[PDB]
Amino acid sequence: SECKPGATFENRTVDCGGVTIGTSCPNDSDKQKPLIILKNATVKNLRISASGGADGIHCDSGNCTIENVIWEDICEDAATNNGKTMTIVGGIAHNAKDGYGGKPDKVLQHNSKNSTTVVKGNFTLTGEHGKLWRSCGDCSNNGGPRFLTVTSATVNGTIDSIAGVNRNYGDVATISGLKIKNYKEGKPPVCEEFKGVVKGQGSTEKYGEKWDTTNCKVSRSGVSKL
């Protein structure tokens, strides 16, 4: 029940005691493995070093919870939903321009279907970021629906956008309680609608930011300046 790179937790909750772990982060996806793999489990109070974020934490089965986890410099992505439910409870996720893993991209990667990623407990983003959550746009065996639930989160820094939903797959992002540093309408965009596709069967299309639509369930009242 120790927290170290390569660890897989299943049917239990693990308290890492606030320890720091990590491997490396070359700028290569061919070689970045997840630090922790979760299977109907929970991981808490864990720090991941700046030069060793690798491929983050994977929720490869069932319901998962990632509580009070700190990413000193997100490498490929922070956490990945390949299960039924992935809940992010608090924690801080830092990333930066000129950091490890290249230009900042996605924090939460969501690939499973008829699943839900949940962001609560005031999960915070620091530094420079790409997107908080993205429903895989061109995955192999892509489809939906994919759901995002944000009841509270803080972006103490910069970010390209918040959520990306695949309109043609029935994805729904429900956002509220979001605070963004220097927020202004469209700066940055919150919920954006896209057209998802199956890998090799076509290409993705961008529809842009939307408010209070079937797929983008966020009101202008749900996002505010930090």
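In case it trips you up, residue 1 is the first one in the sequence shown, and so on.
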Between 55-63 and 27-35 (mean CA B-factor, as deposited), the higher: 27-35
So 182-190 or 161-169, which one's hotter by mean CA B-factor in the entry? 182-190
For the listed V119, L125, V107, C139, which has the peak Cα B-factor recorded in the PDB entry? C139
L148 - which third its CA temperature factor falls in, relative to the rest of the chain: lowest
Considering every modelled residue of the chain and its Cα B-factor in the PDB entry, is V69 in the lowest, middle or highest third? middle
C-alpha B factor of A50, ranked within the chain: lowest, middle or highest third? highest
Assert third(CA B-factor, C75) within chain per record equals middle
Place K103 in the lowest, middle or highest third of its chain's C-alpha B-factors, as listed in the PDB entry. highest
